[PDB]
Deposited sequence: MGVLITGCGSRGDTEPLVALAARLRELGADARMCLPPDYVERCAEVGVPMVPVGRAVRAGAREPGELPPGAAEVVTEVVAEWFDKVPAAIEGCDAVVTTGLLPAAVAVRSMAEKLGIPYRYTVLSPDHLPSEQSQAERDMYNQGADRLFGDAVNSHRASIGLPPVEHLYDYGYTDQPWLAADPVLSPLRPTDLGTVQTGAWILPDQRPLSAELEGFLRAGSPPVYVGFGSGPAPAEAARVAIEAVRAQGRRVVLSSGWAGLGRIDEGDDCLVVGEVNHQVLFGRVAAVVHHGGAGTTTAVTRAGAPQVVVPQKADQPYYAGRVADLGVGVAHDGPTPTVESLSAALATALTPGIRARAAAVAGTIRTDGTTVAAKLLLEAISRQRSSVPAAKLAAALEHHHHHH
């Protein structure tokens, strides 16, 4: 089998689920360890998953309950991953991981004990160890060793392993994969070591809800607005609904983890939970979003013009890429006004940008999980998987 693990928000998780589902399609018994947020997501695509640790979404936790990334709970997190992974990693021939470092180091430790290959994956080029300075890598290593090195080493001893240090190097490896689209996120030409697979995208077969189908059929193509797993700007729903209205468009408002909702009873608005983005984004006039490596990839592949309203990370990088590609607008700052979002939308709603977005869509590959599957085949070899890829 193959074990796939991670701890993070939806963007850290969805690519992993994509890889797991692809591996199962290719005849490999891929299974996962993920935070409990993702139970429904894995089940609906037929991927076995073992929940590990605290929920990542605040609203999924108890009041006052700290997130898995909180420094205060790191000892517990390390213990939990060492407790729950052994049953899942049994019978596995390789492990692929992204996300939270203390969890990743626990997972690599268990891979090391079993003598099976471990691969870490990053989702945007700026996160590659080789894109950090030496001083930065030193700093990350020292921080990790100091914060949770003792806990990791205690659990390593419990399974007979020697101590390890430089936990950033250890968790990320010396050459993590880059599961990111090369058009959207180009890798510098001098980097020969990084394997850039393309984004890991699950071909989404889920139907749209009856309510969303009805909404789409009942009028002109709407504008989607959503902020994904992350925070939304002050007055986000009001500003976005009013700005979209100003452009003579209907609104699909994704509640997201921020829990956005309608501002009135207007029938020109539909509030949605989880949706099939691949399908929906082909049926909207534009997408206002946080940029989100995964969301940006989905929008770009769907060919919808964009307004990127970056909040944190990472996200300003994607806003800039979208603007550079000419397929959308990089909103100036994290907090739109009705005026600023209206202006950005007007630009994103031209026939020209529609054509540009349509063209760039065809350049975005969706077979990154097949590249990853082949990489796994070669790592394990050094059966049904070789046969399926042939």
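Which deposited-sequence positions, grouped into ranges, are missing C-alpha coordinates?
-> Deposited residues absent from the model fall in 1, 384-390, 399-404.
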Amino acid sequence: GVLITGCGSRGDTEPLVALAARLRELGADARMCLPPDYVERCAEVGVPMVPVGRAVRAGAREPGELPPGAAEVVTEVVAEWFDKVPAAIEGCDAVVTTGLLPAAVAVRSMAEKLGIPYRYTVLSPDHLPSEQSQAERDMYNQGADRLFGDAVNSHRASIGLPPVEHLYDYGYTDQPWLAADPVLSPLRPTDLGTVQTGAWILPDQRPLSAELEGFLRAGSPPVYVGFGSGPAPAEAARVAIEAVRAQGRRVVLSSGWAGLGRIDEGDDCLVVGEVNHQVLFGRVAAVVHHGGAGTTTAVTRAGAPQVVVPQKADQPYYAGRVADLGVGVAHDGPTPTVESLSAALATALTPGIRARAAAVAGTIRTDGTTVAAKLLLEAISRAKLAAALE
From here on, numbers count along this sequence of modelled residues.
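On mean C-alpha B-factor from the PDB entry, just flag whether 130-138 or 79-87 is the higher one.
-> Per the PDB entry, the higher value belongs to 130-138.
Tell me which of 40-48 and 59-67 has the higher mean C-alpha B-factor in the deposited entry.
-> It is 59-67 that shows the higher mean C-alpha B-factor.
Per the PDB entry, which option out of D268, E274, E235, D145 has the greatest Cα B factor?
-> Among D268, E274, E235, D145, the highest C-alpha B-factor in the entry belongs to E235.
Say you rank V327, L26, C33, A361 by Cα B-factor from the PDB entry; which sits at the top?
-> Max CA B-factor in the entry, restricted to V327, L26, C33, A361: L26.
Just say lowest, middle or highest third for the CA B-factor of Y317 relative to the other modelled residues in its chain.
-> Highest third - that is where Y317 ends up once the chain's C-alpha B-factors are sorted.
Going by the entry, which third of its chain does the Cα temperature factor of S9 land in?
-> According to the entry, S9 has a C-alpha B-factor in the chain's lowest third.
Can you work out whether the C-alpha temperature factor of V96 puts it in the lowest, middle or highest third of the chain?
-> Ranked within chain, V96 CA B lands in the lowest tercile.
Report the third (lowest, middle or highest) to which the CA temperature factor of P207 belongs, ranking only the modelled residues of the same chain.
-> Tercile = middle for this residue's CA B-factor.
Lowest, middle or highest third: where is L375 by Cα B-factor in its chain?
-> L375: CA B-factor falls in the highest third of its chain.
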